[PDB]
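One structure is given here, and the rest of the page talks about it.
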Amino acid sequence: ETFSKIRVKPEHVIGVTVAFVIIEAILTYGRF
Amino acid sequence: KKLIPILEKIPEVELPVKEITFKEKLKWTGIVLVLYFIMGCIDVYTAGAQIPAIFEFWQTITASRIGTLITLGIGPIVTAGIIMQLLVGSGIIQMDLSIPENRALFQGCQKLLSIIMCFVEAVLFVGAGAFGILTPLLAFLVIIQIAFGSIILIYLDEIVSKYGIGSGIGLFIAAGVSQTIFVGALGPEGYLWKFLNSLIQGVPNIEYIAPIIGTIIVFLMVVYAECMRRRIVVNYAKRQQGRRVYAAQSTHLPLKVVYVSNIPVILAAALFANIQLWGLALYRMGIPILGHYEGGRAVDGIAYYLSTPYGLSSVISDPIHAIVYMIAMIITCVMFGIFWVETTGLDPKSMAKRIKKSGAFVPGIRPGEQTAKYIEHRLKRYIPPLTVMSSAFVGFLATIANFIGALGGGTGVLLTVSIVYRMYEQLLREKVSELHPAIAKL
Amino acid sequence: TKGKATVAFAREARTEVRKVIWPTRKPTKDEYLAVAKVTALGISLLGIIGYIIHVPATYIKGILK
RNA sequence: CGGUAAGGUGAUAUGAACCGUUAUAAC
RNA sequence: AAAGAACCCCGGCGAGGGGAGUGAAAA
RNA sequence: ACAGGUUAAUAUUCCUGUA
RNA sequence: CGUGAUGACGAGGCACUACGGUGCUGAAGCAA
C-alpha cells in the first residue's frame with residue numbers, strides 16, 4: 001500500500017480542482 | 001533507510017473498503033473526465049495573449065494542451081516513470097519489489113519525483129520559450145499555475161485509480177486524442193468543413209480532407225490487432241447436473257492480442273518528448289548540446305534526427321531522417337520493454353493460478369482438469385512475444401503510423417484505440433463483478 | 001552470442017504459430033469488426049464529450065476576447 | 001411422386017449452432 | 001404448472017440442516 | 001537387431017551409433 | 001582385436017530454481 005501518513009478523501013481533490021478553475025477562470029477572463 | 005519523511009508528507013487517497021457500485025465507479029470516472037476537458041478550456045493567467053505557435057509534438061503523448069491550465073499534462077508523470085524504469089531498470093539501483101517494501105518504495109518514490117518533474121517541466125517549458133514574455137515576475141506566476149494544474153491530474157489519476165474505472169493516464173490520453181479528432185475534423189475551424197466548404201467554393205482542396213483520411217487509415221491499421229485472438233482451450237471439468245445449467249465446464253478464449261507493451265511505448269514516445277523539449281530548452285538558454293532548433297522546433301542535431309515527421313502529410317524529402325528515427329524509436333522501445341521485465345509485465349506466474357482450477361477438483365465426482373498444476377512453462381514460452389514484439393513491432397507500427405501521419409497523432413490514435421479497448425474490457429469485467437460478489441480474481 | 005540466436009529463433013517459431021491460428025474466420029465475420037466497433041464507439045464518446053465541453057466555450061473566449 | 005404445413009434439426013437433452021413461415025422447413 | 005427453493009447462516013468451498021422466497025398446499 | 005539414450009506412463013518399436 | 005568413438009557417458013563442480021527439479025562444464029576412464 002502507501003506510506004502516506006496522511007489520508008485525503010477524493011471529494012476534496014475534486015472540490016480543490018473546482019477551485020483552480022474558478023480562480024483562474026475569473027483571474028484571467030472577465031478582465032476588469 | 002529512505003526518503004520516508006517527506007514521502008510520508010505526500011498526501012494520498014482514502015480508499016474505502018465499502019460498496020463502490022459499478023454505477024458509482026462510472027459516475028466517478030466521468031466527473032474526472034470533465035474536470036479534465038474543462039481545464040483544457042481554461043487559458044493560463046497571462047497578460048501576454050501572444051504565444052509562439054505551439055509544440056506540435058509534446059501534446060499527444062502528454063495529453064496536455066499548451067497554453068491551458070494543463071499545458072504540462074501527463075508529461076511529468078510520464079517523465080518520472082521514465083527515470084524510475086531507467087534506474088530500477090538498468091540495475092543501477094537493483095530492487096526486488098516482491099516485498100511490499102520495494103513495491104511501495106519504487107512507487108511512493110516515483111510519485112514524489114513526479115511532483116519534482118512537475119515543477120521542473122513547468123520551468124523548463126517557460127524556459128523553452130513556450131509563451132514568449134519572460135517577465136521574471138509574470139514567468140514565475142505562470143510556472144505556478146502550470147505545474148499545479150498537472151498536480152491536480154496526479155491526484156485526479158489517483159481518484160479514478162481508486163474510485164472509478166480504467167486509468168487516469170490511459171483515460172486522459174484517450175480523452176485528448178478523441179477530442180483532438182472530433183474537434184479538428186468537425187469543430188469550429190474544423191477540417192471536414194474547410195474541405196466541404198472548399199468544394200462549394202469550387203476549388204476542391206485535397207489538403208483539407210487529407211488529414212482526416214490519414215486518421216481513418218491509421219485507426220483501421222492500428223486496430224488490425226486486438227482481433228488475432230486464437231480460439232482454443234480448454235480442459236474438461238465436471239460436476240452436476242443438471243436441468244439446464246449443470247454439466248461441468250471451464251474457461252474458453254482466446255482473449256485478444258496486443259496491449260501489454262501499452263505503458264512501454266508510452267514511455268519511448270515520451271522520452272523523445274523530453275528531448276525535443278530539453279533540447280530547445282537547453283538551446284535558447286545555453287549551448288546547443290542537443291541541437292540547433294530555430295523556427296520553433298529543431299532543424300539539426302540529436303533533436304533533429306529524433307523528431308517525429310507526422311502532422312498532415314508524410315515527408316519523403318529526407319529518407320535518412322526517416323530511417324534513423326524508426327530505428328531510434330524501435331530500439332528505445334525494446335529498452336523500456338526490457339526495463340518493464342526487470343520490473344513487471346504480462347506474467348505466466350499469475351496465469352498459473354486460475355488456469356488450474358477452471359472446472360472443479362474437489363471431492364464430489366471425478367471431474368477432470370489435471371491441467372495444469374505444473375505445466376506453466378507452456379506459457380512463458382508461447383508468451384514472450386505476445387505483448388511485444390515490439391520496440392519494432394508496436395514501436396515500429398507507431399512510428400510508421402506517424403509517417404503516414406494523422407489527426408490526433410498516429411501514435412496517439414494507437415495508444416487511444418488500445419486504451420479505449422482495454423477500457424471496454426474494464427467496463428465488462430465490472431458489469432459482471434456486479435453480480436457474484438466474490439470472484440474478484442478469476 | 002547464443003542469446004541473439006535464441007531470440008531470433010523465438011521470433012520465427014512465433015511466426016509459424018500465426019500461420020496455424022487463422023482458419024476460423026481470419027478471424028471471424030464478426031470478430032475483427034467488433035474491436036473496431038467498440039474501439040471507435042469508445043473514442044466517439046470521449047471525443048464527443050470533449051467537443052461538447054470544448055468548442056462550446058471557444059465561442060465565448062473569442063466572442064469576449 | 002402425393003398429403004400437409006408455421007413452425008422445425010428422433011429420446012434421456014439442455015445448450016450450441018442452423019432450417020423454415022406462400023408452392024424442396026419439418027412431419 | 002417446475003415456478004425444482006435467488007439470497008443469508010452453521011458446517012470440511014462437505015453431509016445434513018435453519019431461515020428466506022415458489023407454490024393452493026414444501027402437513 | 002544389437003548396445004547406449006530417452007517418457008509422468010511406451011521400447012530389441014521413439015533418438016543416436018553401428019548391422 | 002581394430003573401427004564405430006579427437007564421439008557419448010561420466011565423480012564432481014560453476015547456475016537458476018517452483019523445490020517436481022532443471023542448464024554450462026568435466027578428471028580418470030587401464031591391468032591381473
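In the C-alpha cells, the first chain shown is A, the next is B, and so on; residue numbers restart at 1 for each chain, and ligands run from 1 in the order shown.
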
Provide as a list in words the residues of chain B at most 10 Å from chain E, counting only C-alpha atoms (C1' of nucleotides).
residues 243, 362, 363 and 364 of chain B

Export of prior selection with N, CA, C and O atoms as a PDB file, in the first residue's frame:
ATOM      1  N   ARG B 243     -30.494 -29.843 -14.743  1.00  0.00           N
ATOM      2  CA  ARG B 243     -31.512 -29.184 -15.553  1.00  0.00           C
ATOM      3  C   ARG B 243     -31.017 -27.837 -16.073  1.00  0.00           C
ATOM      4  O   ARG B 243     -31.001 -26.848 -15.341  1.00  0.00           O
ATOM      5  N   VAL B 362     -11.934 -30.918  -6.167  1.00  0.00           N
ATOM      6  CA  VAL B 362     -12.937 -31.175  -5.140  1.00  0.00           C
ATOM      7  C   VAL B 362     -13.018 -32.639  -4.723  1.00  0.00           C
ATOM      8  O   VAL B 362     -12.112 -33.431  -4.986  1.00  0.00           O
ATOM      9  N   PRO B 363     -14.124 -32.983  -4.063  1.00  0.00           N
ATOM     10  CA  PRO B 363     -14.383 -34.363  -3.648  1.00  0.00           C
ATOM     11  C   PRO B 363     -15.521 -34.959  -4.472  1.00  0.00           C
ATOM     12  O   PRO B 363     -15.400 -36.069  -4.991  1.00  0.00           O
ATOM     13  N   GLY B 364     -16.616 -34.214  -4.580  1.00  0.00           N
ATOM     14  CA  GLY B 364     -17.811 -34.686  -5.256  1.00  0.00           C
ATOM     15  C   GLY B 364     -17.675 -34.914  -6.750  1.00  0.00           C
ATOM     16  O   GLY B 364     -17.729 -33.974  -7.543  1.00  0.00           O
TER      17      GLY B 364
END

Check: which chain B residues lie within 8 Å of chain C using only C-alpha atoms, as a PDB file with N, CA, C and O atoms, in the first residue's frame:
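Saved as result.pdb:
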ATOM      1  N   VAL B  34     -14.558  15.184 -17.151  1.00  0.00           N
ATOM      2  CA  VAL B  34     -14.937  16.561 -17.390  1.00  0.00           C
ATOM      3  C   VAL B  34     -13.990  17.591 -16.785  1.00  0.00           C
ATOM      4  O   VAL B  34     -13.541  18.494 -17.478  1.00  0.00           O
ATOM      5  N   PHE B  37     -11.353  17.922 -19.474  1.00  0.00           N
ATOM      6  CA  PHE B  37     -11.762  18.697 -20.643  1.00  0.00           C
ATOM      7  C   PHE B  37     -11.877  20.161 -20.251  1.00  0.00           C
ATOM      8  O   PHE B  37     -11.340  21.043 -20.918  1.00  0.00           O
ATOM      9  N   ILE B  38     -12.566  20.412 -19.148  1.00  0.00           N
ATOM     10  CA  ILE B  38     -12.739  21.774 -18.680  1.00  0.00           C
ATOM     11  C   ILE B  38     -11.394  22.485 -18.532  1.00  0.00           C
ATOM     12  O   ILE B  38     -11.196  23.550 -19.123  1.00  0.00           O
ATOM     13  N   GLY B  40      -8.844  22.049 -19.920  1.00  0.00           N
ATOM     14  CA  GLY B  40      -8.270  22.208 -21.249  1.00  0.00           C
ATOM     15  C   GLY B  40      -8.928  23.341 -22.005  1.00  0.00           C
ATOM     16  O   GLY B  40      -8.553  23.652 -23.137  1.00  0.00           O
ATOM     17  N   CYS B  41      -9.934  23.937 -21.380  1.00  0.00           N
ATOM     18  CA  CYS B  41     -10.638  25.063 -21.970  1.00  0.00           C
ATOM     19  C   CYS B  41     -10.096  26.369 -21.393  1.00  0.00           C
ATOM     20  O   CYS B  41     -10.061  27.395 -22.072  1.00  0.00           O
ATOM     21  N   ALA B 174      -6.519   9.048 -24.056  1.00  0.00           N
ATOM     22  CA  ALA B 174      -7.627   8.783 -24.959  1.00  0.00           C
ATOM     23  C   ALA B 174      -8.560   9.991 -24.963  1.00  0.00           C
ATOM     24  O   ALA B 174      -9.129  10.356 -25.989  1.00  0.00           O
ATOM     25  N   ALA B 175      -8.715  10.612 -23.804  1.00  0.00           N
ATOM     26  CA  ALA B 175      -9.581  11.769 -23.699  1.00  0.00           C
ATOM     27  C   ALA B 175      -9.147  12.809 -24.714  1.00  0.00           C
ATOM     28  O   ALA B 175      -9.942  13.247 -25.548  1.00  0.00           O
ATOM     29  N   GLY B 176      -7.868  13.181 -24.637  1.00  0.00           N
ATOM     30  CA  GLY B 176      -7.299  14.176 -25.539  1.00  0.00           C
ATOM     31  C   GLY B 176      -7.381  13.845 -27.019  1.00  0.00           C
ATOM     32  O   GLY B 176      -7.967  14.585 -27.807  1.00  0.00           O
ATOM     33  N   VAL B 177      -6.786  12.730 -27.410  1.00  0.00           N
ATOM     34  CA  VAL B 177      -6.812  12.315 -28.800  1.00  0.00           C
ATOM     35  C   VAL B 177      -8.227  12.330 -29.379  1.00  0.00           C
ATOM     36  O   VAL B 177      -8.480  12.963 -30.392  1.00  0.00           O
ATOM     37  N   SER B 178      -9.153  11.626 -28.740  1.00  0.00           N
ATOM     38  CA  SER B 178     -10.526  11.590 -29.215  1.00  0.00           C
ATOM     39  C   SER B 178     -10.996  13.002 -29.530  1.00  0.00           C
ATOM     40  O   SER B 178     -11.413  13.291 -30.655  1.00  0.00           O
ATOM     41  N   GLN B 179     -10.919  13.884 -28.534  1.00  0.00           N
ATOM     42  CA  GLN B 179     -11.324  15.276 -28.703  1.00  0.00           C
ATOM     43  C   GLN B 179     -10.572  15.888 -29.899  1.00  0.00           C
ATOM     44  O   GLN B 179     -11.183  16.329 -30.874  1.00  0.00           O
ATOM     45  N   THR B 180      -9.243  15.884 -29.824  1.00  0.00           N
ATOM     46  CA  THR B 180      -8.399  16.409 -30.888  1.00  0.00           C
ATOM     47  C   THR B 180      -8.947  15.976 -32.236  1.00  0.00           C
ATOM     48  O   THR B 180      -8.822  16.688 -33.219  1.00  0.00           O
ATOM     49  N   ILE B 181      -9.560  14.804 -32.297  1.00  0.00           N
ATOM     50  CA  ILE B 181     -10.116  14.342 -33.549  1.00  0.00           C
ATOM     51  C   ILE B 181     -11.460  15.007 -33.810  1.00  0.00           C
ATOM     52  O   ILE B 181     -11.611  15.770 -34.765  1.00  0.00           O
ATOM     53  N   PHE B 182     -12.438  14.729 -32.956  1.00  0.00           N
ATOM     54  CA  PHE B 182     -13.760  15.300 -33.143  1.00  0.00           C
ATOM     55  C   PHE B 182     -13.810  16.787 -33.329  1.00  0.00           C
ATOM     56  O   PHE B 182     -14.722  17.321 -33.974  1.00  0.00           O
ATOM     57  N   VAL B 183     -12.834  17.472 -32.765  1.00  0.00           N
ATOM     58  CA  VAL B 183     -12.797  18.903 -32.924  1.00  0.00           C
ATOM     59  C   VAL B 183     -12.079  19.282 -34.206  1.00  0.00           C
ATOM     60  O   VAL B 183     -12.588  20.078 -34.997  1.00  0.00           O
ATOM     61  N   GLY B 187     -15.083  20.427 -35.424  1.00  0.00           N
ATOM     62  CA  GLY B 187     -15.275  21.638 -34.640  1.00  0.00           C
ATOM     63  C   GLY B 187     -15.422  22.953 -35.399  1.00  0.00           C
ATOM     64  O   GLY B 187     -15.855  22.969 -36.550  1.00  0.00           O
ATOM     65  N   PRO B 188     -15.090  24.088 -34.759  1.00  0.00           N
ATOM     66  CA  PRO B 188     -15.178  25.416 -35.375  1.00  0.00           C
ATOM     67  C   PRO B 188     -14.351  25.460 -36.661  1.00  0.00           C
ATOM     68  O   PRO B 188     -14.894  25.317 -37.757  1.00  0.00           O
ATOM     69  N   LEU B 220      -7.920   2.188 -38.747  1.00  0.00           N
ATOM     70  CA  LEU B 220      -8.134   0.878 -39.346  1.00  0.00           C
ATOM     71  C   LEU B 220      -6.918  -0.025 -39.133  1.00  0.00           C
ATOM     72  O   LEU B 220      -7.065  -1.146 -38.650  1.00  0.00           O
ATOM     73  N   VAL B 223      -5.996  -0.725 -35.451  1.00  0.00           N
ATOM     74  CA  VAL B 223      -6.988  -1.680 -34.972  1.00  0.00           C
ATOM     75  C   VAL B 223      -6.633  -3.103 -35.389  1.00  0.00           C
ATOM     76  O   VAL B 223      -6.720  -4.035 -34.589  1.00  0.00           O
ATOM     77  N   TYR B 224      -6.233  -3.264 -36.647  1.00  0.00           N
ATOM     78  CA  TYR B 224      -5.865  -4.573 -37.172  1.00  0.00           C
ATOM     79  C   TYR B 224      -5.741  -5.602 -36.054  1.00  0.00           C
ATOM     80  O   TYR B 224      -6.415  -6.632 -36.068  1.00  0.00           O
ATOM     81  N   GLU B 226      -5.719  -6.695 -31.830  1.00  0.00           N
ATOM     82  CA  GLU B 226      -6.829  -6.832 -30.894  1.00  0.00           C
ATOM     83  C   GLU B 226      -7.940  -7.696 -31.479  1.00  0.00           C
ATOM     84  O   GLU B 226      -9.092  -7.614 -31.053  1.00  0.00           O
ATOM     85  N   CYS B 227      -7.587  -8.524 -32.457  1.00  0.00           N
ATOM     86  CA  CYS B 227      -8.553  -9.404 -33.102  1.00  0.00           C
ATOM     87  C   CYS B 227      -7.942 -10.770 -33.399  1.00  0.00           C
ATOM     88  O   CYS B 227      -8.656 -11.733 -33.679  1.00  0.00           O
ATOM     89  N   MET B 228      -6.617 -10.845 -33.335  1.00  0.00           N
ATOM     90  CA  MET B 228      -5.907 -12.092 -33.596  1.00  0.00           C
ATOM     91  C   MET B 228      -5.947 -13.014 -32.381  1.00  0.00           C
ATOM     92  O   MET B 228      -4.939 -13.615 -32.013  1.00  0.00           O
ATOM     93  N   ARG B 229      -7.119 -13.121 -31.764  1.00  0.00           N
ATOM     94  CA  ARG B 229      -7.293 -13.972 -30.593  1.00  0.00           C
ATOM     95  C   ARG B 229      -6.621 -15.326 -30.791  1.00  0.00           C
ATOM     96  O   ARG B 229      -5.400 -15.444 -30.696  1.00  0.00           O
ATOM     97  N   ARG B 230      -7.433 -16.344 -31.058  1.00  0.00           N
ATOM     98  CA  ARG B 230      -6.942 -17.706 -31.225  1.00  0.00           C
ATOM     99  C   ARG B 230      -7.834 -18.680 -30.462  1.00  0.00           C
ATOM    100  O   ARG B 230      -7.472 -19.155 -29.385  1.00  0.00           O
ATOM    101  N   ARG B 231      -9.001 -18.968 -31.026  1.00  0.00           N
ATOM    102  CA  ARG B 231      -9.962 -19.865 -30.393  1.00  0.00           C
ATOM    103  C   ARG B 231      -9.311 -21.172 -29.955  1.00  0.00           C
ATOM    104  O   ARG B 231      -8.962 -22.013 -30.784  1.00  0.00           O
ATOM    105  N   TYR B 382       5.333 -19.670 -25.090  1.00  0.00           N
ATOM    106  CA  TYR B 382       4.385 -19.102 -26.041  1.00  0.00           C
ATOM    107  C   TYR B 382       4.177 -17.619 -25.745  1.00  0.00           C
ATOM    108  O   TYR B 382       3.682 -16.870 -26.588  1.00  0.00           O
ATOM    109  N   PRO B 385       6.800 -13.233 -26.805  1.00  0.00           N
ATOM    110  CA  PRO B 385       6.334 -12.389 -27.906  1.00  0.00           C
ATOM    111  C   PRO B 385       5.010 -11.686 -27.611  1.00  0.00           C
ATOM    112  O   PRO B 385       4.991 -10.467 -27.465  1.00  0.00           O
ATOM    113  N   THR B 416      -4.567   5.298 -27.819  1.00  0.00           N
ATOM    114  CA  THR B 416      -6.001   5.527 -27.616  1.00  0.00           C
ATOM    115  C   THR B 416      -6.828   4.305 -27.925  1.00  0.00           C
ATOM    116  O   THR B 416      -7.500   3.768 -27.054  1.00  0.00           O
ATOM    117  N   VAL B 417      -6.793   3.884 -29.176  1.00  0.00           N
ATOM    118  CA  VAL B 417      -7.542   2.722 -29.595  1.00  0.00           C
ATOM    119  C   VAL B 417      -7.364   1.592 -28.610  1.00  0.00           C
ATOM    120  O   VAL B 417      -8.338   0.939 -28.248  1.00  0.00           O
ATOM    121  N   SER B 418      -6.119   1.358 -28.184  1.00  0.00           N
ATOM    122  CA  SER B 418      -5.815   0.288 -27.228  1.00  0.00           C
ATOM    123  C   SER B 418      -6.460   0.608 -25.901  1.00  0.00           C
ATOM    124  O   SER B 418      -7.296  -0.146 -25.405  1.00  0.00           O
ATOM    125  N   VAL B 420      -8.726   2.524 -25.163  1.00  0.00           N
ATOM    126  CA  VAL B 420     -10.159   2.515 -25.242  1.00  0.00           C
ATOM    127  C   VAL B 420     -10.683   1.096 -25.158  1.00  0.00           C
ATOM    128  O   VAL B 420     -11.684   0.848 -24.475  1.00  0.00           O
ATOM    129  N   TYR B 421     -10.018   0.148 -25.812  1.00  0.00           N
ATOM    130  CA  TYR B 421     -10.498  -1.230 -25.755  1.00  0.00           C
ATOM    131  C   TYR B 421     -10.224  -1.858 -24.406  1.00  0.00           C
ATOM    132  O   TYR B 421     -11.064  -2.583 -23.889  1.00  0.00           O
ATOM    133  N   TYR B 424     -12.902  -0.956 -22.462  1.00  0.00           N
ATOM    134  CA  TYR B 424     -14.193  -1.584 -22.727  1.00  0.00           C
ATOM    135  C   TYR B 424     -14.211  -2.820 -21.867  1.00  0.00           C
ATOM    136  O   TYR B 424     -15.187  -3.096 -21.170  1.00  0.00           O
TER     137      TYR B 424
END

Using only C-alpha atoms (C1' of nucleotides), find the one residue out of B:57, B:18, B:374, B:271 that sits nearest to chain F.
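So, comparing all the options, the nearest one is B:374.
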
Range 4-21 of chain G surroundings by only C-alpha atoms (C1' of nucleotides), 9 Å radius, close-in-sequence under 2 positions cut, as an MDAnalysis selection string:
(chainID B and resid 374) or (chainID F and resid 4 17:18) or (chainID G and resid 23:27 29)

Distance-based interface of chain B with chain A, 9 Å, counting only C-alpha atoms, as number ranges by chain:
B: 4, 7-15, 31-32, 35, 38-39, 42-47, 69, 100, 103-105, 107-108, 145, 148-149, 152, 155-156, 158-159, 163

Work out how far CA of residue 151 in chain B is from CA of residue 410 in chain B, in Å to one decimal.
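Going from CA of residue 410 in chain B over to CA of residue 151 in chain B, I get 27.4 Å.
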
What residues in chain D lie within 12 Å of chain B, counting only C-alpha atoms (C1' of nucleotides), written as a list in words?
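Per the criterion, chain D yields residues 12, 13, 14 and 15 of chain D.
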
Suppose you want the space between CA of residue 433 in chain B and CA of residue 254 in chain B; what is it in Å?
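CA of residue 254 in chain B lies 20.0 Å from CA of residue 433 in chain B.
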
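Taking the backbone of this structure through DSSP, the residues of chain A that come out as helix (DSSP H, G or I) are residues 11, 12, 13, 14, 15, 16, 17, 18, 19, 20, 21, 22, 23, 24, 25, 26 and 27 of chain A.
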
Just the number, please: distance in Å from CA of residue 314 in chain B to CA of residue 216 in chain B, one decimal.
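CA of residue 216 in chain B lies at a distance of 15.2 Å from CA of residue 314 in chain B.
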